[PDB]
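Report on the following structure.
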Amino acid sequence: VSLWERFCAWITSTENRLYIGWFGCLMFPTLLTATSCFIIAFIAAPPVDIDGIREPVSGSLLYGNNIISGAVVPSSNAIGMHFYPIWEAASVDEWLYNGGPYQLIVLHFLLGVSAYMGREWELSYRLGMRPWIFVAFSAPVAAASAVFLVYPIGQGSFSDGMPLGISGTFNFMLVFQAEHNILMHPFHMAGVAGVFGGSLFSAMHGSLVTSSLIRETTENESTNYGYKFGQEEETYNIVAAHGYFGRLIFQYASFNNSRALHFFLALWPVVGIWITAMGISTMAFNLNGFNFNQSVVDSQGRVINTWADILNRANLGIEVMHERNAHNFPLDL
Amino acid sequence: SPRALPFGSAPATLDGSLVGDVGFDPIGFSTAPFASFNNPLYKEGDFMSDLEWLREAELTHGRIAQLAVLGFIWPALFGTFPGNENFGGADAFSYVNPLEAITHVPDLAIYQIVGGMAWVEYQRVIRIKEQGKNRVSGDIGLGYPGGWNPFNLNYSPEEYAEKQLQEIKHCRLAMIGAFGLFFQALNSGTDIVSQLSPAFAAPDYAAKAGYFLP
Amino acid sequence: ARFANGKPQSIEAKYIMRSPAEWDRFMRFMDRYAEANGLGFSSXXXXXXX
Amino acid sequence: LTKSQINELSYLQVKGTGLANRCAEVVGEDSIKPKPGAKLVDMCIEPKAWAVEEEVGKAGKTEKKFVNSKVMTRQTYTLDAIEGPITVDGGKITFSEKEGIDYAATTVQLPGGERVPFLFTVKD
Amino acid sequence: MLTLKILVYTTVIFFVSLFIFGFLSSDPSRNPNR
Amino acid sequence: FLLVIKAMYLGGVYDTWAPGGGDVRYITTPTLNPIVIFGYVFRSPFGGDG
Ligand code: CLA
Ligand SMILES: CC(=O)O[C@H]1CC(C)(C)C(=C=C/C(C)=C/C=C/C(C)=C/C=C/C=C(C)/C=C/C=C(\C)C(=O)C[C@@]23O[C@]2(C)C[C@@H](O)CC3(C)C)[C@](C)(O)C1
Ligand SMILES: CC1=C(C#C/C(C)=C/C=C/C(C)=C/C=C/C=C(C)/C=C/C=C(C)/C=C/[C@@]23O[C@]2(C)C[C@@H](O)CC3(C)C)C(C)(C)C[C@H](O)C1
Ligand code: OEX
Ligand SMILES: [Fe+2]
C-alpha cells in the first residue's frame, strides 16, 4: 500500500463529514481565500478610483458606510481589462488604490463555483446516483460568470463589472437599463417568466403536497412529526392532490407521472436563468433590446408617443447622469 | 507485409534472412539476381545470398552515414572544431560549415582518410572473399565475439540479437539523417547550430526590451 | 504585466520553482504506477485491472 | 538609454516595458552656446522622489519637515514634449515655456493613510 | 514582491498538479459498483 | 496546408497592414520561429495580451 494510494483514497472517501474529492482540491483553497479577502475588504478597504478620473469612492465599513451602502468597488477604469495581481503593483497601498481586491475576489469566486459544480458531480458519481444536479446548478454559475466576467470582457474594462454590494448592485442594474435597455430584451422577459413561474410552481406544489397528508398525528403535535426518516411508503396521497388539481383547472390539464412533474419543476427556472444569462452575454457585445422609439406617426408625420417613448425618456434621464465626470465626447462608445 | 501493411512483398522475400525483415520491399529488388553486378568480384561458390549481399550493402552504407552524422554535428557543437592546428586556420577549426570544411582541407588528410577506409575495405574483402558460409556483413574480427581489438566483445547471444537490431536500425535511420543534414546545409549555406539556435531563441525584432520598470 | 511572456515566467527562479511541485506530484504518482505496459481490458470504461 | 537608442526600438518592443516615462540620458559634456532665437523642441521632466511638508516631533519638538511619500498613480507623473523660446536679455538664457504636455495629475499617500493629490505642472 | 509571486506560483501549481494527478489515478474505477 | 498555399502562391490574401493601404499581397516570408508562434498559445488571455 503506497502513500499516493492511501491519499487518493482519503480524498475520494464518502465517509468524511464534508466530501473533499478532487474538485475540492480546487474549490476549498480558492473559495477560502476569496471569502477571507472579501471579509477583510468589506471592513477596511481604503477608497478606490473606479472611473480612473482620480475620484476615489469609499466602500468600506470603517469609512462611513453601512451594510447596504458598503461594497467592494471594482477595479479602476485605467487598468481596464489588464491583469492586476498583487505582485504587479509597486506597493500594497497602490494595489488598494486601484481596486485589485475586486479582481482577486472575483477570479477566485469564479474558479470556486466551477469547482463546486465539479464537486457536486463527483459526489453524485461516488454515491451512485444520476449525475445531473450540477447541470441545474450551471444556471446560477452562468449568470454569475456573465455578470462578473463576460460583461467586463465585452465592454472592455473590469470597472464595468457588478460591484460586490447592495447599492452597487442597484447602480449596476440602473446603468445597464440606461445603456442597454434590458427590460425590452426578450431574454430578460424569459428570465422574469422563469422566476415567476418557479415561485408559482414551488408554492403550488408545496400546497398540494402538504394539503394531502395522511393523518398520522394528533392535533397537539406538529404535522411534520407524522413522517419518519427512512420511510417505505408515501406520506402523501397523490390521488387526492391530482383530483383537486384537475377539478381546479381542467381534467386533461394535469400531471400524473410525478416524475414528469418534478422534471418540469427542474426544467422551468433553469431554462429561464440560462436564457437570461444569454441575454446579459449577448448585450455585453451591444445587441440591445427592442427600440420602438417614434414608431407611430400620424398622416402628417408628427410623432405620437407610446409607452416605449416614456421608457426612452427615463433611460435618457439615467444616461445623462451616470458617471457625470467620466465623459468628454457626445457618444458613449 | 506489415511495413507496407496493405501490400504483398516479393514471392520469396524472407522474414529471417536479415534482422530488418518486416517485409518492406515494394519494388523489392531482392527478387532480381543481385549478383556480381558488372562483375562485382564474382565467386559462384558460397557467394552468400543475393539478398544478404544487398544486406551487406545496406550495412556498409548505414554505418558510414551514421558516422557521417556525428561528423556533421561535433565539428560544430561537440568540441567546437578542435582542429587545434599548429598553423593555417583555414582547412582547420575555422570552417565549421561541413561543406566549406571539405572545400578547404588539403588533400593530405583527404588521402589519409582515403587510405584509411582503403585498408578497411581491403581487410573487408580479404575476409569476405574467404569468409563464405555466413558472410555476416564481412564481420571478420571487427569487434566480433572474439573482439580482434580491446574489450573483446563480451555479451550474450540474445544480447547479440538485440545488438544486431540496434545497429541495423540506427544505420537505416542515419541513412535518412545524413541526407537530411546535407541537403539542409547546402540549401542554407550554414551549419546545423546556426538555424537551430536562432530557432530556440526569440528574434531580435521583438524582445519587449527589458523590464526597465520602476 | 502586458508583456506577453511565455506562460508568465519572468525570472528563471519562478520557472525552476514551479518545477519541483509538478515533479513532486509526478514522483508520488509514479510510486503507485510503475512498470505498466500491457493489461488491455477491452471493455467500456472498465480499467478494472490495477 | 539615450534618444538615439529609443528611436531604434519599435512601438511593439516598448509597450508595457514602462520605459515610456524614462528620460533619455545625455553623454559627452560640452558647451552649446545657443544662437539667439533658438528654442527647446523637446523637454522631459521626470520626478524621482516626492515629499510633502508635514509636522513631526523628533525629541519633543515639532518642526516643518518634508516627509517622503509613495505615489498612488502608476506611471503618469512624467512630463514630456515641452517647448519654449530661449532668449537673451542681458546675456542670460531664459526658457519661457510656451506649450506642450506640462501638467500631470498625481496622487501621493503620506504615512498614516493621508492621500494628497496635486497637479505636477510647469506653466508660464 | 517577487517572493510573494514565488509562493503563490507554488501554491497554484501545487493544487493544480494535485487535481491533474488525482483525476489521472484511475478515477472511473472508483465507483459504487466495483 | 491548403490555406497556407493559397496565401503564399495562389493569389495571396488581403492584408490591411500592407504599405499604401489594404490590398491583396503574397506572404513571401512567413515567420517560422517556434518561440514567436507559441508565444501566442502560451501567453495570458487578459488585457494587453490577447
Ligand atoms: C419585477 C421586476 C423584475 C424581476 C422579477 C426581475 C428578475 C430578474 N432580473 Mg431584473 N430588472 C428589473 C426588474 C425585474 N427583474 C428592472 C426594472 C431592471 C432595470 C433597472 C432590471 C435589470 C436587470 C439586470 C441588469 C439584471 C437583471 C437580472 C435579473 C434576473 C436575476 C438573476 C438572478 O438573481 O439569478 C442569478 C443568480 C445568481 C447570480 C446567484 C449565483 C450564486 C453563486 C453561484 C453562489 C453564491 C454563493 C454566496 C456568495 C454564498 C452562499 C451562502 C452561504 C454563506 C450560505 C431575474 C430574471 C440579472 C440577469 O440578467 O441575470 C444574470 C441582471 O444582470 N435585471
Ligand atoms: C573493438 C571495435 O572497434 O569494435 C567496435 C564495434 C563498434 C560497433 C564500432 C562499437 C560501437 C558502437 C557504435 C560506434 C555505435 C555508433 C552509433 C551511431 C554513431 C549512431 C548514429 C546515429 C545517428 C542517427 C540515427 C541520426 C540521427 C539524427 C537524426 C535522424 C535527425 O533527426 C537530425 C535532424 O538533423 C536534422 C536532419 C535536422 C535538424 O533540423 C533536426 C535534427 C537535428 C533532429 C564499438 C563499441 O566502438 C566497438
Ligand atoms: C564525413 C563528412 C562528409 C561526408 C560524407 C559522406 C560521404 C556522406 C554520405 C552519406 C551517404 C552515403 C548517405 C546515403 C544515403 C542513402 C540512402 C538514404 C538511401 C535510401 C534508399 C531508400 C530509402 C530506398 C528504399 C527502397 O524502398 C525503396 C524506396 C524502393 C524499394 O523497392 C527498395 C528499397 C528498399 C531500397 C563530407 C561532406 C565529405 C565532409 C563533412 O565535413 C563530413
Ligand atoms: O464605465 Mn460603467 O457605464 Ca459602460 O457605457 Mn461607457 O463605460 Mn461607463 O459609461 Mn456608460
Ligand atoms: Fe415533491
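Bear in mind these aren't lab numbers, they're just calculated from the coordinates by the rules spelled out. All Cβ positions, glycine included, derive from the backbone under ideal geometry; neighbour counts span all protein chains shown.
Other protein chain C-beta atoms within 10 Å of residue C-beta, averaged over F:37-45: 4.
Charged neighbours of B:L153, selected by a Cβ distance under 12 Å, balance to -1 (K, R count +1; D, E count -1). Residues whose amide H falls under 5 Å from that of D:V108, counting only those 5 or more places apart or on a different chain, are D:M72, D:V116, D:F118, with hydrogens built in the peptide plane. Here the Debye sum runs over all C-alpha atoms of chain F as equal scatterers in vacuum, and log10 of I(q)/I(0) at q = 0.16, 0.25 Å⁻¹ comes out as -0.66, -0.93.
Building the convex hull from the alpha-carbon atoms of segment A:17-101 and averaging its projection over directions returns 7.4 nm².
By Kyte-Doolittle mean hydropathy of at least 1.0 and Cα axial length of at least 30 Å, which whole DSSP H helices of chain A are selected? The answer, listed by residue number, is A:21-44, A:258-284.
Round to the nearest 10 and give me the degree value, 0 to 90, for the angle of helix B:50-73's Cα axis relative to the longest principal axis of chain B. For B:50-73 against chain B, the angle is about 20 degrees. Label-to-label distance, A:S207 versus A:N288, with points set 7 angstrom from Cα along the beta-carbon direction: 4.1 nm.
Remark: mean inter-chain Cβ contacts per residue of E:2-14 equal 5, using a 10 Å Cβ-Cβ cutoff to other protein chain atoms. Taking amide H positions as modeled 1.01 Å from N, with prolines and chain starts lacking one, the residues under 5 Å from B:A76 and 5 or more places away or on another chain are B:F81. Could you compute the net charge surrounding D:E83? Neighbours are other residues with a C-beta less than 15 Å from the C-beta of D:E83; K and R count +1, D and E count -1. Charge balance in the 15 Å sphere: -3. Each 10 Å bin from zero up to the one holding the largest Cα-Cα distance in chain C carries the following percent of pairs: 19, 27, 23, 19, 13. Legend: distances between Cα atoms for C:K14/D:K48; D:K3/E:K5; D:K3/D:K35; D:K35/D:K123; D:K3/D:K48; D:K58/E:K5; pairs beyond 26 Å are C:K14/D:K48; D:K3/E:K5; D:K58/E:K5. For peptide A:97-106, the mean count of partner chain Cβ atoms within 10 Å of a residue's Cβ comes to 1. Relative to the longest principal axis of the Cα atoms of chain B, the long axis of helix B:157-186 lies at roughly 50 degrees.
Sorted into 5 angstrom bins from 0, the C-alpha pair distances of segment A:84-147 split as 4, 16, 20, 14, 12, 11, 9, 7, 5, 2, 0 percent.
Scanning chain A for trypsin sites (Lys or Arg not before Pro) that sit in a DSSP loop and have at most 11 other Cβ atoms within 10 Å, the longest stretch containing none of them is A:18-214.
Over all other residues within a Cβ to Cβ distance under 11 Å of A:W87, the charged ones net out to +1, with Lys and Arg as +1 and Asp and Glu as -1. Temperature 25 °C, viscosity 0.890 mPa s: under these conditions the Stokes-Einstein estimate for chain B, based on its Kirkwood radius over C-alpha pairs, is 116 µm² per second.
Here the convex hull built on the C-alpha positions of the protein assembly as shown has a volume of 442 cubic angstrom per residue. If the Kirkwood radius is taken over C-alpha pairs of segment B:38-99, then at 20 °C and 1.002 mPa s the Stokes-Einstein diffusion coefficient equals 145 µm²/s. Once Rg and the Kirkwood radius are both taken over the C-alpha atoms of segment A:179-243, their ratio Rg/Rh works out to 1.27. Dividing the alpha-carbon radius of gyration of chain A by the rule-of-thumb value 2.2 N^0.38 Å gives 1.29. Sorted on the mean count of surrounding Cβ atoms within 10 Å across their residues, most packed first, peptides B:20-29, A:172-181, E:24-33 read A:172-181, B:20-29, E:24-33. Identify all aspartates and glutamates with a Cα-Cα distance to D:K65 below 14 Å; exclude those on the same chain that are fewer than 8 residues away in sequence. Straight-line reach from D:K65, under 14 Å: D:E53, D:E54, D:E55. In this structure, the amide hydrogen of A:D51, modeled 1.01 Å from its nitrogen in the peptide plane, lies closer than 5 angstrom to those of A:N77, counting only residues at least 5 positions away or on a different chain. Size check on segment B:154-213: the Cα extents along the three principal axes, sorted descending, read 66, 33, 14 Å. Protection proxy ranking of A:32-45, D:1-14, by the mean of other Cβ atoms within 10 Å over each peptide's residues and highest first, is A:32-45, D:1-14. Across chain D, the volume of the C-alpha convex hull divided among the residues equals 186 Å³ per residue.
Helix B:107-130 and the longest principal axis of the C-alpha atoms of chain B enclose an angle of approximately 20°.
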